[PDB]
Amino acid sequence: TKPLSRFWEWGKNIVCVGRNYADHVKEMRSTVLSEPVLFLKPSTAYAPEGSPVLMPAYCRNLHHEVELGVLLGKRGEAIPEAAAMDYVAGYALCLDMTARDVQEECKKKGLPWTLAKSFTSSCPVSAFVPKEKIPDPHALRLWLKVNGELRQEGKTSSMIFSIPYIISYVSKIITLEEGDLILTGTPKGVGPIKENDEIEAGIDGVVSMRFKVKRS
């Protein structure tokens, strides 16, 4: 069938939320809004552990963004905030790999984030974490090291918009299918990553992952 433990093989859709961590929003001097920013990645942005991250040709200034992923278990149209967790299969730790220089211009000219945010292997992804293994996803620590050295840490309690709110808020704009994934935003400390850097990230007491960076 279509096994959750390898969702990235058959999962159709990826939705990402922007500006879900105050510290990160300051870090960019982009302002927080009444509702969360959404953008998409294609299914071919999945880089499962064992695949490297690939800098695009056009990418001058690649950035790491460690984010918590929410995988969905059921078709979800206008899911009520109070039902959201019924629809969640589990989680995965993700990287919202970003061409920052691209994104800067995409924002200046008022254009789609696709090149900045949506390229092949732009969503490195942990092993699948079933839901029973996380009692409370707002009580987690995310960390990311480059070459053994910590650059990003944050608590999921710091999330401006809750997960259940997001599942609800997204499912009102875009129906969500079995296997669709939502990235829930990144904390303070996003920064550059160059060719043959070695990235480690994890959720304390749940999962860790390693990704090497390559080129074209």
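So that there is no doubt, residue numbering starts at 1 and follows the sequence shown.
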remark   = The stretch whose C-alpha atoms carry the larger average B-factor in the entry, 120 to 128 or 98 to 106, is 98 to 106
message = Tell me which stretch has the larger mean Cα B-factor in this entry, 68 to 76 or 132 to 140.
response = 132 to 140
inquiry  = By the CA temperature factor listed in this entry, which of these ranks top: 174, 159, 62, 40?
reply    = 62
inquiry  = Ranking the modelled residues of this chain by C-alpha B-factor as given in the entry, is residue 11 in the lowest, middle or highest third?
reply    = lowest
query = residue 180's Cα B-factor: lowest, middle or highest third of the chain?
reply = lowest
task = Taking the values exactly as deposited, rank residue 46 by C-alpha B-factor within its chain and report the matching third: lowest, middle or highest.
result = lowest
query = How does residue 164 rank on Cα B-factor within its chain, lowest, middle or highest third?
reply = lowest
note = Of the three thirds of Cα B-factor ranks in this chain, residue 17 occupies the lowest
